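Encoded as structure tokens, the structure appears first; notes follow it.
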Amino acid sequence: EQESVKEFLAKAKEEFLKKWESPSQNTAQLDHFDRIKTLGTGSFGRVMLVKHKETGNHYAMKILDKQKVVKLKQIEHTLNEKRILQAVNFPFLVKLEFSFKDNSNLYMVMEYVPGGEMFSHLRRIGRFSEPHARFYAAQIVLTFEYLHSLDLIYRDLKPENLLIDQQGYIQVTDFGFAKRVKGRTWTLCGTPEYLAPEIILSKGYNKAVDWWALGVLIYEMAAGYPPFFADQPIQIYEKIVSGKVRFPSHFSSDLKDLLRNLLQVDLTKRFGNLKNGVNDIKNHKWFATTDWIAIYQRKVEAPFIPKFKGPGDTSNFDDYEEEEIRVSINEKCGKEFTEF
Ligand SMILES: Clc1ccc(-c2c[nH]c([C@@H]3COCCN3)n2)s1
Ligand SMILES: Clc1ccc(-c2c[nH]c([C@@H]3COCCN3)n2)s1
């Protein structure tokens, strides 16, 4: 690669390691914020729009219930999420601004990205044109080049985890499955449609699973539906491990070629995992019109700017029942979360 790229990644790794070895902790508390709206909710956590009472700034606060994290066997994953988020820095990664814990919950206070999930915009428009898909895909390629160089595997690429910012660029959220891995790792995690075959087959797997998931994402952005779709996970998994993929006739020949190499069942033949690494992807004909430096510098005009009224607008997110943020008078699971 160009020495300028090698030196950039060397500095990125130095800066990551300094924060990784000495993580920040306990940098705000709950009563510094007003709660505004629930933006999403799941089996152990939720994300809420909040406003900082002294500065007036808006943030997305991810709240995890310690007891539910323990019950669902997510302790190590939640510790990974916060330790990685406080150590990374890249244009297309959502920034963690504060973190803290109390008797009941863990809190990660992130920048608020008001344009909403890519998923909403994709389903609204139906499918993205190839140039539009390629603009987003280029940002993911650069983000994975960065993360992988730090020995991080992301493991949760899907349209719901990619938010669109005020300039139309991506911000990757949700580091709940991200992990620092030199070599292989073994956990079954991720969403069914996006799982690589070696995850489904319970193998020791590596960063190649992120490049498989990029193939699924590009397919879904350009078609409007994912390549291995079926009604139940076991049926999805059978399709994935066969790897038989059908492409819409409107796909360009270059797009089909790139996707056959990303959706390669044999991980030892998959683009992103060969001797030339990410450069087999960046140099592929489907990306011939991409100016990688201009994307990194955010100098390319985006295909689409989300419609919103200001930094507190929640119109691009949906409506959930509003539940209390209860804090027990007694400390729960203190040992398990000591390092958070
Ligand atoms: Cl992943 C990435 C790999 C290499 C990257 C890179 C190389 N050079 C730059 C920028 C361009 O000008 C502003 C600062 N340096 N990024 S990103
Ligand atoms: Cl604005 C936002 C900033 C950060 C957000 C965030 C972090 N983690 C999640 C996930 C998405 O997938 C499943 C569970 N909650 N959103 S949204």
Side-chain angles (χ1 to χ4, degrees), residues 2-5 7-13 16 36-50 58-64 69 72 74 77-78 81-82 84-85 88-94 96-99 106-110 112-120 138-150 152 154-165 170-178 189-191 194 272 277-279 281-282 290-292 294-298 306 308 311-318 320:
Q2 283 199 7
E3 281 75 17
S4 53
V5 175
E7 294 301 322
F8 173 93
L9 292 173
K11 182 176 302 280
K13 189 162 199 172
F16 167 82
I36 313 294
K37 188 175 213 291
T38 297
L39 305 171
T41 194
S43 57
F44 55 96
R46 62 192 127 151
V47 178
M48 308 211 69
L49 178 62
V50 301
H58 289 90
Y59 298 100
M61 173 184 285
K62 180 169 184 169
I63 305 176
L64 307 181
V69 165
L72 301 169
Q74 299 299 306
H77 286 168
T78 69
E81 178 169 22
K82 177 259 186 177
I84 296 166
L85 276 172
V88 293
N89 169 33
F90 197 67
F92 316 122
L93 293 181
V94 180
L96 179 71
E97 301 287 1
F98 312 93
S99 71
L106 313 174
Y107 305 82
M108 289 176 275
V109 184
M110 272 158 286
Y112 175 57
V113 184
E117 295 177 357
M118 181 195 287
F119 183 78
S120 303
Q139 292 170 63
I140 303 302
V141 170
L142 291 169
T143 297
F144 286 175
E145 180 173 16
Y146 172 84
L147 288 178
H148 292 177
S149 81
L150 302 182
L152 298 169
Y154 177 64
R155 301 198 295 189
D156 208 13
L157 189 69
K158 53 183 178 178
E160 298 94 326
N161 286 343
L162 303 178
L163 306 188
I164 311 299
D165 71 21
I170 281 176
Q171 294 270 285
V172 178
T173 66
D174 199 344
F175 274 60
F177 296 146
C189 58
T191 305
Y194 281 70
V278 71
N279 300 319
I281 300 168
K282 294 168 85 178
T290 298
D291 184 337
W292 294 97
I295 293 285
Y296 171 79
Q297 298 181 337
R298 304 163 64 96
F308 67 106
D313 192 356
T314 57
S315 298
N316 285 287
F317 295 92
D318 297 311
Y320 302 87

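Computed over heavy atoms, backbone and side chain alike; hydrogens, waters and symmetry mates excluded. In this chain, residues are counted from 1 in sequence order. Just so you know, ligand 1 is whichever comes first in the structure, and atom 1 is the first atom listed for that ligand.
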Worksheet item: Does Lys158, backbone or side chain, put an N or O under 3.5 Å from an N or O of ligand 2?
Response: no
Discussion item. Looking only at distances, can you tell me whether any N or O atom of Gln297, backbone or side chain, sits closer than 3.5 Å to an N or O atom of ligand 1?
Written reply: yes
Discussion item. Taking only non-hydrogen atoms of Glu160, do any sit less than 4.0 angstrom from ligand 2?
Written reply: no
Response to the item:
So for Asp174 against ligand 2, with non-hydrogen atoms under 4.0 Å, the contacting part is both
Fill in: Note, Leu147 side chain near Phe90 side chain (heavy atom, < 4.5 Å)
no
Fill in: Ring centers of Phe98, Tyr59 separated by less than 6.0 Å
yes
Worksheet item: What are the atoms of ligand 1, with element, lying closer than 4.0 Å to any heavy atom of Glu145?
Response: 1 (Cl), 2 (C), 3 (C)
Item to complete: Of the side chain and backbone of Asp156, name the one, both, or neither that has a heavy atom under 4.0 Å from an atom of ligand 2.
Response: neither
Discussion item. Under 4.0 Å from a heavy atom of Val5: which atoms of ligand 1 are those, numbered in the order shown and with their elements?
Written reply: 3 (C), 4 (C)
Practice prompt. Using non-hydrogen atoms of the residue, decide whether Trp292 is closer than 4.0 angstrom to ligand 1.
Written response: no
Worksheet item: Are a donor atom and an acceptor atom from the side chains of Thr191 and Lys158 found within less than 3.5 Å of each other?
Response: yes
Fill in: Student check: side-chain heavy atoms of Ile164 and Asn316 closer than 4.5 Å
no
Worksheet item: Should you measure from each heavy atom of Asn161, which atoms of ligand 2 turn up under 4.0 Å away?
Response: 11 (C), 12 (O)
Worksheet item: Among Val109, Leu49, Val113, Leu163, which residue places a heavy atom closest to atom 2 (C) of ligand 2?
Response: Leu163
Item to complete: Taking only heavy atoms of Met110 into account, list the atoms of ligand 2 that are under 4.0 Å away from them.
Response: 4 (C)
